[PDB]
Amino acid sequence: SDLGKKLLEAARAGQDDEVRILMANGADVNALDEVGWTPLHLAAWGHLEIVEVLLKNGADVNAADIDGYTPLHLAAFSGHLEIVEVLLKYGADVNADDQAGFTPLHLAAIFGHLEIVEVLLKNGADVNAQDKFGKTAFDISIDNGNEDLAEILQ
């Protein structure tokens, strides 16, 4: 699978049309690198048009990396609302944890991304889920003194 390595690199590099070419010529949409990242993990950091192309071509929306992180985790960590939205549209697990130690809601709360918090809640995020430190998203907003968020979360 050498086209798959090329696809991982094209996704990392943000080369929208190279991703299109590689997949039309047979590249494995779910190619894996050494840290368990697929092209969709790489694109979750801000490459919206590549996210969309990958999902349309069968990318595993819920693939977990070696640390347990799904693309939705990475999009919440890096603050990309439109990517969060398209991932959820394509069936991303809004409450994925399974060794990550955080749900996407926790990550959005940690970094004060109120719009992402609201989208996650609308898609069924569990406000009572506790992260690996025992904290809910509400607790996180209290610890950060974010009363705009504490408000939204009650």
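Throughout, we count residues from 1 along the sequence that is shown.
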Quiz item: Out of 65-73 and 119-127, which one has CA B-factors that are higher on average in the deposited record?
Solution: 119-127
Quiz item: Looking at the deposited entry, does 92-100 or 42-50 carry the larger mean Cα B-factor?
Solution: 92-100
Exercise. Determine which member of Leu55, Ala27, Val35, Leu105 has the highest CA B-factor, using the values in the deposited entry.
Key: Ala27
Quiz item: Thinking about Cα B factors across the chain, which third does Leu114 belong to?
Solution: highest
